[PDB]
Structures are given as structure tokens and as C-alpha cells.
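Excluded from the calculations below are hydrogen atoms, water molecules and symmetry mates; all remaining heavy atoms, backbone and side chain alike, are included. Chain A is the first sequence line, chain B the second, and so forth, proteins listed ahead of strands; every chain is numbered from 1. Just follow the structure's listing: the first ligand is 1, and inside any ligand the first atom is 1.
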Amino acid sequence: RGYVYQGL
Amino acid sequence: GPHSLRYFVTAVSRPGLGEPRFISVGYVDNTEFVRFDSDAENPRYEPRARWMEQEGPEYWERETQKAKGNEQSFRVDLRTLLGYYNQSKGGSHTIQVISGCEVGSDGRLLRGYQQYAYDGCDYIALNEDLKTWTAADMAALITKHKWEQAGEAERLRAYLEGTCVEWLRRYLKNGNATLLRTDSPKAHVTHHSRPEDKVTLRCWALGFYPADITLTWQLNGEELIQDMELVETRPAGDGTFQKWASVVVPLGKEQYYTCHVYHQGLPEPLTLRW
Amino acid sequence: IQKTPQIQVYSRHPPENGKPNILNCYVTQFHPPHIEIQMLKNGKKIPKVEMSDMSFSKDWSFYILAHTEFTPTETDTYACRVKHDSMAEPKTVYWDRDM
Ligand SMILES: *[C@@H]1O[C@H](CO[C@H]2O[C@@H](C)[C@@H](O)[C@@H](O)[C@@H]2O)[C@@H](O[C@@H]2O[C@H](CO)[C@@H](O)[C@H](O)[C@H]2NC(C)=O)[C@H](O)[C@H]1NC(C)=O
Ligand SMILES: *[C@@H]1O[C@H](CO)[C@@H](O)[C@H](O)[C@H]1NC(C)=O
């Protein structure tokens with residue numbers, strides 16, 4: 001399952 | 001042997017044409033198993049491998065919600081970078097990310113990674129220690145500082161060592177008939193004339209799985225790896241792979257050269273001649 | 001960065017007239033991502049082609065596959081037409097069944 005990415 | 005779980009994510013802006021396109025594709029080893037594409041009528045995470053039919057509706061609902069969240073976060077990211085790089089809102093730009101984990105034959109973690117790129121160039125990435133970041137330019141350095149204050153490395157590491165590893169094992173178990181199989185390559189050689197009394201010999205390897213393979217041409221027991229021409233191993237549309245390698249030999253001595261194919265589905269490597 | 005795509009056309013099985021097969025058009029090593037890929041049969045666009053296997057390499061260039069089921073005949077010809085910013089003109093690669 002996928003990740004929830006952090007803003008740049 | 002070892003196995004991997006990887007996600008390739010990309011967001012591309014298109015000024016004057018609406019919102020950026022967002023796509024996320026997941027792979028177990030070298031085969032696609034899930035995907036989300038924002039340009040679909042009603043965007044949803046969808047199965048791309050037959051064995052994914054084993055997950056219930058809750059899986060699809062949760063992955064979809066996370067994907068829609070990522071879509072919005074990357075949209076904002078595109079705007080943020082215009083600021084870091086002092087670029088205009090009129091041009092198209094691209095953010096790319098590769099995330100994943102690999103385990104050995106025993107299911108234990110071998111390595112984890114997460115790397116970003118902006119317009120085709122390295123931006124920021126997690127180091128092998130899974131604790132610190134490396135930034136390619138001063139803009140990425142701003143991102144590095146934000147991520148350090150937010151405790152991002154710890155969250156990501158928890159995902160790579162935990163969630164990623166556990167679900168990869170589950171996928172390997174559910175899709176064992178597909179993922180743990182071996183399809184032996186079928187090979188043949190083609191011949192093509194050329195000017196100056198020379199000939200092109202091409203060795204083909206077809207219908208194999210997994211993707212790793214080695215094709216070489218030999219002369220007098222030596223390896224002509226220096227003169228060979230070839231293509232990167234490629235998908236054939238049904239879950240199997242294909243590849244070819246060629247060499248130019250003088251007309252008349254084709255019998256002197258041989259093609260060798262090494263693959264896990266070949267107890268003893270194949271040897272072919274025209 | 002800008003990289004021109006490499007376009008490769010091939011079938012799953014060695015072509016035999018009257019026997020079901022699969023035709024592939026693998027487009028690789030390109031950047032930017034915007035691209036248009038069409039598969040053609042006797043100069044006409046093939047409907048419902050499947051797009052799959054999108055990924056990137058270590059240098060970030062894009063890869064993607066277009067494929068469709070088909071049954072070759074002695075007369076039918078096939079090709080793959082691609083439009084990308086790295087090229088002023090669209091590029092068409094023809095299936096060479098004797099390759
Ligand atoms: C792939 O693994 C299955 C075993 O796994 C089955 O049960 C769960 C683990 C679940 O993942 C489910 O999807 C999967 O089908 C093998 O089947 C088993 O084979 C043994 C042989 O000793 C039988 O005794 C079991 O009854 C049988 N389980 C089933 C399906 O009832 C299967 O052989 C294997 N495939 C191959 C060839 O690698
Ligand atoms: C940003 O770009 C403009 C021109 O587009 C230039 O005038 C300005 O000096 C730049 N600002 C920075 C960040 O140096």
C-alpha cells in the first residue's frame with residue numbers, strides 16, 4: 001500500500 | 001530470491017489547461033499491480049494484476065482517499081517550487097518520486113528508499129541510513145529544513161520498515177502463482193545482409209519471467225560484449241518479457257559465433273548458432 | 001531537461017498468419033512527460049489500445065507501453081506514431097515482422 005507524501 | 005514493492009509518482013502542470021495531471025503506479029518486482037490516474041472519468045485506485053481481486057472494498061476505498069490527498073499536496077508543491085526557483089506560472093513543470101522497499105528471500109528488509117526530482121533533475125532523497133536527507137540544490141535545502149522540523153524521516157522510516165515490508169509479503173503470498181513463477185525463455189537467431197560483405201546476426205529471447213536475463217555473443221570463447229548492440233529488457237503485454245542482442249560479422253564465418261542465454265528458468269544456459 | 005523518445009515495435013510471439021498475438025509499442029527514455037502515442041493498422045488508428053507499464057529510470061527519463069491483441073495476416077501492416085516536444089515532426093515506427 002502507498003504512502004501519504006509530505007509537502008515540499 | 002529478493003523482491004521489491006515500488007511506487008512511481010508524477011505530477012505535471014499544464015498552464016491554461018486546468019489542474020496538473022497526477023499519476024501513481026505501483027509494482028511488485030517488475031509487474032504493475034495498482035494505479036491511480038487523475039485524468040480518468042472518476043479517479044479511483046484500480047487493480048492492474050489479477051491477484052489483487054483478493055483485497056476487499058475497504059482496501060480500494062482507503063488507497064483512493066490517500067491518492068486524492070496526494071494529488072492535492074503535489075498540486076501545491078508545484079506552486080511552491082515556482083517560488084523556490086523564481087519561475088513563471090506559464091510553463092509546464094514536473095515532479096517525480098520513486099518510493100519503495102526490497103526484502104530478501106526470507107522476507108526481511110534489505111533496503112528502503114525515497115527520492116525526488118524536479119524537471120528531470122535530482123531534488124532531495126533519503127540516505128541509506130533512513131535517518132538523514134541529501135539535497136541537490138539550495139531549494140531542496142529549504143525542503144530539508146522543513147522535513148527535519150516536522151520529523152518526516154521518522155515517519156517515512158516507520159513506513160518503509162513496517163507497512164511497506166508487511167504489505168509486500170502479503171502481495172507475494174496472495175499472488176504467488178503469478179509472482180513466484182518461472183517462464184523459460186525461447187530463443188532464436190535471425191540473419192540480415194549488409195553492404196561490404198558483412199552480416200547482422202540477432203539473438204532473440206522470448207516469453208520469459210522474471211525479467212532478469214543475460215544475452216551475450218561469443219567468438220573463440222571470448223565475449224563480444226564490446227561490439228554488441230542491444231535493447232533494454234522490455235514488457236511484451238501479457239506479463240512476460242523480451243530482449244534481443246546483435247553483432248556484425250563478416251559474410252562466410254557466421255558459424256563461428258554463438259549466442260548464450262542465461263536465465264533462472266534455464267538449468268543450463270542456451271547456446272545458439274545461425 | 002529534454003530527451004527524445006526511443007520507439008520500439010514488436011509482437012509477443014513470432015508472427016504467424018491466422019494465429020492470435022499481441023502487438024507492442026514501447027516508448028522510452030523521454031522527457032518531458034507529455035506525449036501522444038497511437039497504434040495504427042493499415043494507416044488507421046486502432047481503437048481501445050491499452051496503456052501500461054509507466055515508470056522512470058535512474059536518470060528520471062520516462063517509459064511506457066501501448067499494446068493490443070491482434071491476428072496477423074499476410075496483407076495487414078502496423079505502425080506506431082508518436083508526438084513529443086523534442087521532435088518538430090511526429091515520428092512513426094513500422095512493425096518489421098522479419099526483424
Ligand atoms: C500458491 O499458494 C497456495 C496457498 O495459498 C492459498 O491460500 C492462502 C495462502 C491465499 O493466499 C490464497 O490466495 C492461496 O490460494 C497454494 O495452494 C495450496 O497448495 C497446497 C499444496 O500443498 C494445498 O494443500 C492447499 O489446499 C492449497 N491451498 C488452496 C488454494 O486451497 C498453491 O499451490 C501455490 N501456487 C503455486 C503453484 O505456487
Ligand atoms: C526573479 O526573476 C525576475 C525575472 O523573471 C528577476 O527580475 C528577479 O531579479 C528574480 N529574482 C530573484 C529571486 O533573483
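Protein heavy atoms are absent from the space less than 4.0 angstrom from atom 22 (O) of ligand 1. Distances from atom 4 (C) of ligand 1 to the protein include no heavy-atom value under 4.0 Å. By the definition of a contact as any protein heavy atom under 4.0 Å away, atom 15 (O) of ligand 1 is not in contact. Within the 4.0 Å cut-off (strictly below), no protein heavy atom is located near atom 5 (O) of ligand 2. Taking a distance limit of 4.0 Å, we find that atom 34 (C) of ligand 1 is approached by some protein heavy atom. Closer than 4.0 Å to atom 26 (O) of ligand 1 lies none of the heavy atoms of the protein. Counting protein heavy atoms under 4.0 angstrom from atom 2 (O) of ligand 2 gives one or more.
Each of the following atoms of ligand 1 lies closer than 4.0 Å to a heavy atom of B:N176: 1 (C), 2 (O), 3 (C), 32 (C), 34 (C), 35 (N), 36 (C), 38 (O). Ligand 2 places these atoms under 4.0 Å from at least one heavy atom of B:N86: 1 (C), 2 (O), 3 (C), 8 (C), 10 (C), 11 (N), 12 (C), 13 (C).
Sulfur atoms SG of C:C80 and C:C25 are positioned under 2.5 Å apart.
Tested against B:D37 for a salt bridge (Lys or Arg N to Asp or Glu O under 4.0 Å), the candidates B:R44, B:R48, B:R21 yield a single pass: B:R21. No option in B:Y27, B:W167, B:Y171 other than B:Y171 meets the ring-ring contact (aromatic ring centres under 6.0 Å, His included) test with B:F33. The residue from B:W147, B:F22, B:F74 that alone fulfils the ring-ring contact (aromatic ring centres under 6.0 Å, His included) condition with A:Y5 is B:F74. None of B:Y123, B:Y85, B:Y118 except one satisfies the side-chain hydrogen bond (donor to acceptor under 3.5 Å, both in side chains) rule with B:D137; the exception is B:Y85.
Salt-bridge annotation for B:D183 and B:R181: present, with a side-chain N of the basic residue lying under 4.0 Å from a carboxylate O of the acidic one. Using a 4.0 Å cut-off between charged nitrogen and carboxylate oxygen, B:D39 and B:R14 count as a salt-bridge pair. Ion pair B:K144/B:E152 not flagged as a salt bridge, since none of the NZ, NE, NH1 or NH2 atoms sits closer than 4.0 Å to an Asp/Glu carboxylate oxygen.
By the 4.0 Å heavy-atom criterion, B:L180 is excluded from the residues contacting ligand 1.
Counting protein heavy atoms only, atom 11 (O) of ligand 1 is closest to B:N174 OD1, 3.4 Å.
When B:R181, B:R170, B:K173, B:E53 are ranked by how near their heavy atoms come to atom 9 (C) of ligand 1, first place goes to B:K173.
Within the 4.5 Å cutoff, the side chain of B:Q218 has no heavy atoms near those of the B:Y257 side chain.
When non-hydrogen atoms are compared, ligand 1 lies under 4.0 Å from the side chain of B:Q54 (C-beta onward) but not from its backbone.
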